[PDB]
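First comes the structure, then the notes that go with it.
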Amino acid sequence: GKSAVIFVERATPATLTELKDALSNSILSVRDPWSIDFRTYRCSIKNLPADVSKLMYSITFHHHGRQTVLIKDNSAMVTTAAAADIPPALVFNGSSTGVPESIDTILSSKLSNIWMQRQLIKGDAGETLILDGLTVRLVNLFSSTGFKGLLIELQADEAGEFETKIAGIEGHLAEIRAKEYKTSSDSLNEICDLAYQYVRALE
Amino acid sequence: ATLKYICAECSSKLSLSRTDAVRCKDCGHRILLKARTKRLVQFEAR
Amino acid sequence: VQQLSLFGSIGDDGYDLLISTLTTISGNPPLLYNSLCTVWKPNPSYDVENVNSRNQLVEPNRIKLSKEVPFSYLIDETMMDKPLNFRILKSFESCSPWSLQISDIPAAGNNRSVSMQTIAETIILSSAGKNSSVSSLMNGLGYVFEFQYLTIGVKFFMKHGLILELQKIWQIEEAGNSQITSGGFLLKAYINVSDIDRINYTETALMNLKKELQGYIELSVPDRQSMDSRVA
Amino acid sequence: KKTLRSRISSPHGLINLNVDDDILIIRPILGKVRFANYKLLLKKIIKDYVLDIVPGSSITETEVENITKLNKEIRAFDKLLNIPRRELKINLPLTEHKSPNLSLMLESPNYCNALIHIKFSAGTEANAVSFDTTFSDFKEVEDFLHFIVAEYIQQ
Amino acid sequence: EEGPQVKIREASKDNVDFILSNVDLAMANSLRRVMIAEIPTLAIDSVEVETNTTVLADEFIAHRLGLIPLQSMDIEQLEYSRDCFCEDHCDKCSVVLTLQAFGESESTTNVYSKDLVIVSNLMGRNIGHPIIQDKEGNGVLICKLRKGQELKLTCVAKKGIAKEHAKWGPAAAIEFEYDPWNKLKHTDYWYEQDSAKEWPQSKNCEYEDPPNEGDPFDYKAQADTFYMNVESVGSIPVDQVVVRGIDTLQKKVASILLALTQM
Amino acid sequence: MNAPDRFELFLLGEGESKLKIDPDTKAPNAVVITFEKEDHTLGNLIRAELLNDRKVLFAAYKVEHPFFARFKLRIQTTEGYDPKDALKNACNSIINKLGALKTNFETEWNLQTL
Ligand SMILES: [Zn+2]
Ligand SMILES: [Zn+2]
């Protein structure tokens with residue numbers, strides 16, 4: 001699998017649709033809407049060894065497992081708050097209580113002195129557009145301060161032709177007059193790079 | 001560096017400690033001040 | 001999650017009788033199981049205030065990582081070819097999935113019929129990147145390895161979600177593993193509760209089990225302070 | 001075996017069963033017969049539309065925590081409890097420019113009805129085609145087989 | 001051209017006199033409100049004081065520094081620190097100003113808005129320049145020092161609106177009138193003998209037809225045609241007080257349409 | 001001391017939607033939209049535009065108390081017409097009116113030499 005995240009900094013709630021139509025003649029079908037939470041935590045340790053970030057990102061995918069990936073210093077930790085995702089063996093030997101919660105809840109309620117939530121960007125009612133061997137997800141990101149931008153999630157099973165697929169979408173962005181945007185297809189396990197890409201495109 | 005106390009009139013710095021004599025060096029006057037914290041204070045401009 | 005529980009114990013010699021009793025009482029023979037737990041604490045080299053962004057007091061606590069291991073990793077050569085059943089206990093790139101837990105000291109109250117402990121848990125599924133080892137990840141959170149222990153035992157599934165564990169615990173260090181439970185088994189009966197009703201109902205289930213074993217083996221509420229993982 | 005397993009592993013508590021889910025002794029069994037009928041008609045259709053039309057052709061059917069001791073016992077009866085499926089591969093003569101390949105798979109997802117899956121590819125990388133199809137009606141498989149043999153298989 | 005129309009009467013760096021016809025009073029007003037309150041500006045918001053030997057209080061001075069107008073032309077390419085991703089402030093969200101002053105002179109040493117220096121990187125955008133309208137080119141008089149009177153401080157200017165603080169108010173008084181002959185009967189003139197003799201005639205009377213007594217009351221008549229004057233403080237140019245005002249109100253309405261859309 | 005933060009006037013609260021549309025019980029085809037972190041600036045503007053809509057039977061807004069930046073707007077339309085749609089159209093009309101106003105000001109300003 002492969003992926004890329006495009007974040008349109010300069011944009012408005014409408015930009016989503018404008019790009020949605022530039023694909024009207026490339027679309028095939030539309031699957032269920034998706035959601036996503038993007039959190040930023042700042043470390044409160046004051047002796048922090050030089051060149052160790054003080055920043056940690058938390059990317060929560062909704063029904064991509066209700067999973068949350070933690071990213072810090074180019075490293076990622078995949079977690080889940082879904083009892084249904086618990087490895088059977090951990091439930092059997094008692095390692096798990098069978099009733100997990102979010103790593104973010106733990107961070108804010110048990111480790112809040114060490115980690116403070118700085119920002120919380122949410123993307124609701126996203127759209128899953130299905131093209132030719134390229135799935136394109138679109139969602140408007142909002143902060144506690146109103147609109148924050150447009151986010152494009154590009155997932156493609158086709159390991160081959162991809163660099164072309166990404167360039168194509170960036171083109172339709174030029175058409176809708178969407179200039180000054182950031183694109184990431186970097187890498188560090190799918191869910192991890194995807195999470196990483198959001199970070200690169202938003203940080 | 002360091003000015004523990006200042007003089008009230010002549011404004012000459014003093015820097016004295018406990019049981020040193022509460023007076024200024026040249027002028028008599030036992031008045032003496034404290035000199036601002038080096039822990040810089042920030043204010044909202046509203 | 002709220003874990004309601006009661007504890008007890010028996011010496012090695014009480015094993016067979018207890019297994020026989022629990023097998024008749026529950027209807028099922030025991031099930032062998034193990035788990036490795038690694039406990040971590042805030043890095044002492046780093047120091048942070050103990051307060052919120054809202055300037056509210058936060059108490060430093062330990063984080064517990066737990067998983068299983070294939071039984072074959074616990075059976076040496078002398079242990080070789082011995083029924084892999086309840087009787088065995090007598091003769092005693094990326095990271096793996098782990099259970100991450102932080103617990104609170106049990107609920108206060110004189111004359112508590114059971115111990116009641118709140119447990120915050122999340123699941124670690126995998127990792128990637130430079131420092132992907134669970135150890136590095138814990139360090140990234142600002143924690144360091146403190147200690148770890150292995151627990152081997154048999155469990156029984158009973159009605160209403162009641163579970164009974166007969167366990168042996170070994171602390172693990174290069175200097176050697178020492179059996180914390182040397183002499184016998186730690187007995188634990190508990191139910192995990194995700195409404196007041198279900199809480200009073202769960203207490204009843206535990207109380208009936210205590211009642212049903214009265215005379216034979218006693219189950220009681222351990223000291224709150226003995227179930228407090230806060231760092232100090 | 002299933003109820004017990006359902007009790008051993010998950011519940012910490014009691015079983016949960018459904019007649020519909022848990023329904024099948026006899027209903028799952030009857031399907032065995034209806035499938036045999038269905039497979040018969042399918043082979044007839046194939047003979048008519050394909051085998052008789054293209055001379056060399058023929059057809060070959062093919063088979064498509066530690067409780068493990070329990071899962072092994074139940075796995076043994078997967079033979080009886082599986083949704084019935086056979087794959088009928090049609091052998092076609094190799095054209096020296098390209099080798100066409102055709103196969104059909106018959107299955108009964110709800111045990112009493114039939115689905116027919118047809119795959120056809122005769123690649124010449126200039127002419128290369130691929131079909132992946134699903135039909136619930138023998139009438140349409142005749143029409144699609146006809147279409148296929150006509151254009152692609154025939155001389 | 002289309003819908004509501006403008007007809008500018010006078011222009012300068014500081015004033016826009018115009019006539020707004022084919023508009024709802026509600027719209028004229030809503031624009032008037034926005035210009036006063038919701039247009040963003042840059043203004044000093046944090047003042048770290050290193051030294052102050054002055055006759056004035058740390059916060060007394062601090063307060064004044066907020067009221068000093070700063071160049072907010074390119075205010076739109078600066079982020080609100082609240083929305084910004086740093087820890088406190090940065091370049092993407094603030095302008096750092098510095099002020100060091102000392103009484104070298106035997107005579108009284110003055111401290112002006114000109115004595116402010118930008119220390120942050122401007123990203124080459126028209127921002128944070130103390131607005132100097134002053135003939136002698138000094139700008140706002142912040143303080144007066146004597147001899148050993150030193151004032152050493154640091155200012156963090158941030159994007160904001162007049163709703164949070166009146167320092168982020170880009171507009172001075174906005175003049176607003178309609179129907180200079182009370183044709184609409186929107187006021188009952190208080191008088192002693194004659195309301196016509198007693199009450200002064202508006203300037204705008206010249207831009208409208210007098211009612212002519214030998215006519216019945218026009219009830220059907222509605223309020224369109226508004227004589228306004230927009231005065232700028234400096235932060236934004238007079239025209240842009242009007243334009244940005246029109247745009248803010250437009251954006252404000254769009255948010256509602258969008259809110260309904262998400263619902 | 002008992003003074004609320006100034007941003008509370010415009011910055012939405014934790015889990016607080018701009019709009020909350022509740023239906024009016026007392027009247028058919030009538031609704032009540034509560035606008036959080038908003039004032040007269042928007043209320044009176046919208047109310048006045050809905051008044052221009054012929055298919056709109058009732059429209060009024062009220063700031064129930066000045067300590068709080070929020071207003072309730074009540075919309076009643078003719079049967080078949082939706083009040084949310086009525087609000088949508090009035091919102092649009094306003095924008096299009098402002099769009100022309102800007103264009104017209106810009107043109108007129110450019111003509112001035114001062
Ligand atoms: Zn002296
Ligand atoms: Zn910043």
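Here, A, B, ... name the chains of the structure tokens in the order displayed, residue numbers run from 1 inside each chain, and ligands are numbered from 1 in the same displayed order.
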Neighbours of residue 39 (chain F) within 8 Å (only C-alpha atoms; same-chain residues fewer than 4 positions away dropped), as a ChimeraX atom specification? /F:43,63,69-71
Next, the residues of the selection above should be written as a PDB file, in the first residue's frame with C-alpha atoms.
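Ended up saving to selection10.pdb:
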```
ATOM      1  CA  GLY F  43     -29.224  39.026  13.984  1.00  0.00           C
ATOM      2  CA  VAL F  63     -30.612  38.830  22.616  1.00  0.00           C
ATOM      3  CA  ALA F  69     -23.148  36.820  23.094  1.00  0.00           C
ATOM      4  CA  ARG F  70     -25.944  34.694  21.597  1.00  0.00           C
ATOM      5  CA  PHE F  71     -29.312  35.278  20.029  1.00  0.00           C
TER       6      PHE F  71
END
```
Contacts of residue 110 (chain C) at 12 Å or less, counting only C-alpha atoms, minus same-chain residues fewer than 6 places along, as a PDB file with C-alpha atoms, in the first residue's frame?
```pdb
ATOM      1  CA  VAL C 221     -10.278  -7.259  50.927  1.00  0.00           C
ATOM      2  CA  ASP C 223      -5.198  -3.181  52.217  1.00  0.00           C
ATOM      3  CA  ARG C 224      -5.734  -0.178  49.907  1.00  0.00           C
TER       4      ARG C 224
END
```
Collect all residues with atoms no farther than 7 Å from ligand 2, counting only C-alpha atoms and all ligand atoms, and output them as a PDB file with N, CA, C and O atoms, in the first residue's frame.
```pdb
ATOM      1  N   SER E  81      -2.267  34.077  17.423  1.00  0.00           N
ATOM      2  CA  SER E  81      -1.443  33.153  18.244  1.00  0.00           C
ATOM      3  C   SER E  81      -2.242  31.979  18.800  1.00  0.00           C
ATOM      4  O   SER E  81      -1.722  30.870  18.881  1.00  0.00           O
ATOM      5  N   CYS E  84      -2.301  29.705  16.050  1.00  0.00           N
ATOM      6  CA  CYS E  84      -0.927  29.325  15.720  1.00  0.00           C
ATOM      7  C   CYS E  84      -0.501  28.107  16.492  1.00  0.00           C
ATOM      8  O   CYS E  84      -1.050  27.837  17.557  1.00  0.00           O
ATOM      9  N   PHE E  85       0.471  27.366  15.960  1.00  0.00           N
ATOM     10  CA  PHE E  85       0.897  26.119  16.584  1.00  0.00           C
ATOM     11  C   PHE E  85       2.053  26.123  17.571  1.00  0.00           C
ATOM     12  O   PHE E  85       2.384  25.056  18.092  1.00  0.00           O
ATOM     13  N   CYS E  86       2.662  27.283  17.850  1.00  0.00           N
ATOM     14  CA  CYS E  86       3.813  27.337  18.751  1.00  0.00           C
ATOM     15  C   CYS E  86       3.460  27.190  20.229  1.00  0.00           C
ATOM     16  O   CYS E  86       2.509  26.513  20.591  1.00  0.00           O
ATOM     17  N   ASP E  88       3.265  29.966  23.099  1.00  0.00           N
ATOM     18  CA  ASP E  88       3.170  31.433  23.115  1.00  0.00           C
ATOM     19  C   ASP E  88       3.233  32.054  21.718  1.00  0.00           C
ATOM     20  O   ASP E  88       2.305  31.867  20.934  1.00  0.00           O
ATOM     21  N   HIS E  89       4.298  32.767  21.391  1.00  0.00           N
ATOM     22  CA  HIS E  89       4.326  33.431  20.104  1.00  0.00           C
ATOM     23  C   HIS E  89       5.488  33.016  19.248  1.00  0.00           C
ATOM     24  O   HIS E  89       6.394  32.302  19.702  1.00  0.00           O
ATOM     25  N   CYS E  90       5.450  33.478  17.993  1.00  0.00           N
ATOM     26  CA  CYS E  90       6.472  33.238  16.997  1.00  0.00           C
ATOM     27  C   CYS E  90       6.392  34.307  15.925  1.00  0.00           C
ATOM     28  O   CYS E  90       5.771  35.354  16.127  1.00  0.00           O
ATOM     29  N   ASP E  91       7.040  34.049  14.785  1.00  0.00           N
ATOM     30  CA  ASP E  91       7.040  34.968  13.662  1.00  0.00           C
ATOM     31  C   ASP E  91       5.718  34.862  12.929  1.00  0.00           C
ATOM     32  O   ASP E  91       5.135  35.890  12.619  1.00  0.00           O
ATOM     33  N   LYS E  92       5.216  33.624  12.707  1.00  0.00           N
ATOM     34  CA  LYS E  92       3.973  33.329  11.987  1.00  0.00           C
ATOM     35  C   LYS E  92       2.767  33.993  12.640  1.00  0.00           C
ATOM     36  O   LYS E  92       1.715  34.101  11.989  1.00  0.00           O
ATOM     37  N   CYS E  93       2.916  34.445  13.920  1.00  0.00           N
ATOM     38  CA  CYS E  93       1.817  34.979  14.706  1.00  0.00           C
ATOM     39  C   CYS E  93       2.081  36.278  15.502  1.00  0.00           C
ATOM     40  O   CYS E  93       1.137  36.825  16.113  1.00  0.00           O
ATOM     41  N   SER E  94       3.325  36.791  15.496  1.00  0.00           N
ATOM     42  CA  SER E  94       3.599  38.028  16.230  1.00  0.00           C
ATOM     43  C   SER E  94       4.707  38.925  15.652  1.00  0.00           C
ATOM     44  O   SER E  94       5.526  38.508  14.804  1.00  0.00           O
TER      45      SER E  94
END
```
Residues within 6 Å of ligand 1, counting only C-alpha atoms and all ligand atoms, as a list in words: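 These are the residues that qualify: residues 7, 9, 10, 12, 24, 25, 26 and 27 of chain B.
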For the selection you just gave me, I'd like the residues written to a file as a PDB file, in the first residue's frame, keeping N, CA, C and O atoms.
```pdb
ATOM      1  N   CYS B   7      20.142  53.851  47.670  1.00  0.00           N
ATOM      2  CA  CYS B   7      20.003  54.995  48.582  1.00  0.00           C
ATOM      3  C   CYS B   7      18.801  55.835  48.143  1.00  0.00           C
ATOM      4  O   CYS B   7      18.546  55.967  46.939  1.00  0.00           O
ATOM      5  N   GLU B   9      18.115  59.344  48.609  1.00  0.00           N
ATOM      6  CA  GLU B   9      18.478  60.658  48.051  1.00  0.00           C
ATOM      7  C   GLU B   9      19.545  60.649  46.956  1.00  0.00           C
ATOM      8  O   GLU B   9      19.209  60.864  45.787  1.00  0.00           O
ATOM      9  N   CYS B  10      20.823  60.402  47.337  1.00  0.00           N
ATOM     10  CA  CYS B  10      21.988  60.378  46.445  1.00  0.00           C
ATOM     11  C   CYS B  10      21.932  59.280  45.370  1.00  0.00           C
ATOM     12  O   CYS B  10      22.731  59.307  44.431  1.00  0.00           O
ATOM     13  N   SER B  12      22.883  56.216  45.226  1.00  0.00           N
ATOM     14  CA  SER B  12      24.045  55.340  45.103  1.00  0.00           C
ATOM     15  C   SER B  12      23.671  53.949  45.590  1.00  0.00           C
ATOM     16  O   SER B  12      23.088  53.820  46.665  1.00  0.00           O
ATOM     17  N   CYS B  24      23.929  54.885  54.561  1.00  0.00           N
ATOM     18  CA  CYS B  24      24.584  55.051  53.262  1.00  0.00           C
ATOM     19  C   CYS B  24      26.071  55.457  53.375  1.00  0.00           C
ATOM     20  O   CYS B  24      26.481  56.086  54.358  1.00  0.00           O
ATOM     21  N   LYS B  25      26.870  55.087  52.347  1.00  0.00           N
ATOM     22  CA  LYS B  25      28.312  55.364  52.261  1.00  0.00           C
ATOM     23  C   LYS B  25      28.580  56.693  51.545  1.00  0.00           C
ATOM     24  O   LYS B  25      28.574  56.765  50.308  1.00  0.00           O
ATOM     25  N   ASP B  26      28.791  57.740  52.369  1.00  0.00           N
ATOM     26  CA  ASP B  26      29.064  59.167  52.113  1.00  0.00           C
ATOM     27  C   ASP B  26      28.015  60.006  52.843  1.00  0.00           C
ATOM     28  O   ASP B  26      28.349  60.656  53.842  1.00  0.00           O
ATOM     29  N   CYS B  27      26.746  59.945  52.391  1.00  0.00           N
ATOM     30  CA  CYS B  27      25.662  60.659  53.057  1.00  0.00           C
ATOM     31  C   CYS B  27      25.250  59.846  54.280  1.00  0.00           C
ATOM     32  O   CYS B  27      25.483  58.636  54.315  1.00  0.00           O
TER      33      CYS B  27
END
```
Run DSSP on the backbone and grab whatever in chain A lands in strand (DSSP E or B); send it over as a ChimeraX atom specification. /A:2-8,29-31,35-43,55-62,67-72,75-80,115-123,127-130,135-144,146-156,182-184
Contacts of residue 9 (chain A) within 9 Å, only C-alpha atoms, excl. fewer than 6 positions in-chain, as a count of residues only: 10
Write down, as a list in words, each residue of chain F that has any atom within 8 Å of an atom of chain A, counting only C-alpha atoms. residues 11, 12 and 14 of chain F
Please write the residues from the selection above to a file, keeping C-alpha atoms, as a PDB file, in the first residue's frame.
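Wrote it out as again10.pdb, contents follow:
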```pdb
ATOM      1  CA  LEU F  11     -14.609  32.436  20.423  1.00  0.00           C
ATOM      2  CA  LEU F  12     -16.879  29.339  20.555  1.00  0.00           C
ATOM      3  CA  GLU F  14     -15.798  23.811  24.374  1.00  0.00           C
TER       4      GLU F  14
END
```
Residues near residue 5 (chain B), cut-off 6 Å, only C-alpha atoms, skip fewer than 2 positions along chain, as a compact mmCIF listing (two decimals) with N, CA, C and O atoms, in the first residue's frame:
```txt
# COMPACT_ATOMS: atom_id res chain seq x y z
N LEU B 3 22.83 44.81 43.37
CA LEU B 3 22.60 46.01 44.18
C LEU B 3 21.46 45.77 45.19
O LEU B 3 20.37 46.32 45.03
N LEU B 14 23.98 50.10 47.19
CA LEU B 14 24.64 49.68 48.43
C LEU B 14 25.05 48.21 48.62
O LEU B 14 26.11 47.97 49.19
N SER B 15 24.24 47.24 48.15
CA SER B 15 24.54 45.79 48.17
C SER B 15 24.86 45.12 49.55
O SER B 15 25.40 44.00 49.56
N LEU B 33 16.39 51.89 49.76
CA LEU B 33 15.36 51.17 49.01
C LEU B 33 15.63 49.67 48.73
O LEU B 33 16.25 49.04 49.58
N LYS B 34 15.12 49.07 47.64
CA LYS B 34 15.32 47.63 47.45
C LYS B 34 15.81 47.13 46.09
O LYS B 34 16.39 46.03 46.02
N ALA B 35 15.60 47.92 45.02
CA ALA B 35 15.99 47.61 43.63
C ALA B 35 15.26 46.39 43.07
O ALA B 35 15.28 45.29 43.65
```
